[PDB]
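Quick notes on the structure that follows.
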Amino acid sequence: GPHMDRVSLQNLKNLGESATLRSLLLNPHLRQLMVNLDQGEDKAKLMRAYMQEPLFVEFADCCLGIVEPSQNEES
Amino acid sequence: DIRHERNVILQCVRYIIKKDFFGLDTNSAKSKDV
């Protein structure tokens, strides 16, 4: 199951340290996406509707590189 | 993998909101029915 799908706080705390990622939080829309998704009014459709907005896509793609210990196979 | 990635975003978002914005703890099993 989604056991190691959960990220360790170290990796998450590194997000705020990332000059690139923190700069994304400067977007009033992006931060609204974040808080909306967390409240979970309907995370089901939000997870879809958020991946279409380039702002949240940037945020997502940025946090992945910071929290993913997963190497790029054989790159 | 998007199945993994999207859930990973949930960890990212919730961490930030936790020390940046509100820091609230609404997502808890405060139900005393159990």
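Neighbour counts are summed over all protein chains in view; Cβ atoms, including those assigned to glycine, are modelled from backbone coordinates with ideal geometry. Taken together, the values in this text are just the output of simple stated rules run on the coordinates, not laboratory data.
Given the structure, is residue A:43 of a type in the set (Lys, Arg) and within 15 Å of residue B:7 (Cα to Cα)? It is true that residue A:43 is of a type in the set (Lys, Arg) and within 15 Å of residue B:7 (Cα to Cα).
Looking across chain B, just one residue is under 10 Å from the mean Cα position of the chain (by Cα), part of a helix (DSSP H, G or I) and farther than 22 Å from residue A:44 by Cβ, and that is B:18. The set of residues from the range A:47-59 being within 13 Å of the chain's Cα centre (by Cα) and facing chain B (nearest Cβ under 10 Å) comprises A:47, A:50, A:51, A:56, A:59. For the range B:1-14, filtering for residues that are under 15 Å from residue A:33 (Cβ atoms) and either more than 8 Å from every other protein chain (Cβ to nearest Cβ) or among the aromatic types (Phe, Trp, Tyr) (or both) leaves 0. Restricting the first member to the range A:24-49 and to residues that are on the phi > 0 side of the Ramachandran plot, and the second to residues that are hydrophobic (A, V, I, L, M, F, W, C) and assigned to a loop (DSSP other than H, G, I, E, B), no beta-carbon pair is closer than 9 Å while six or more apart or on different chains.
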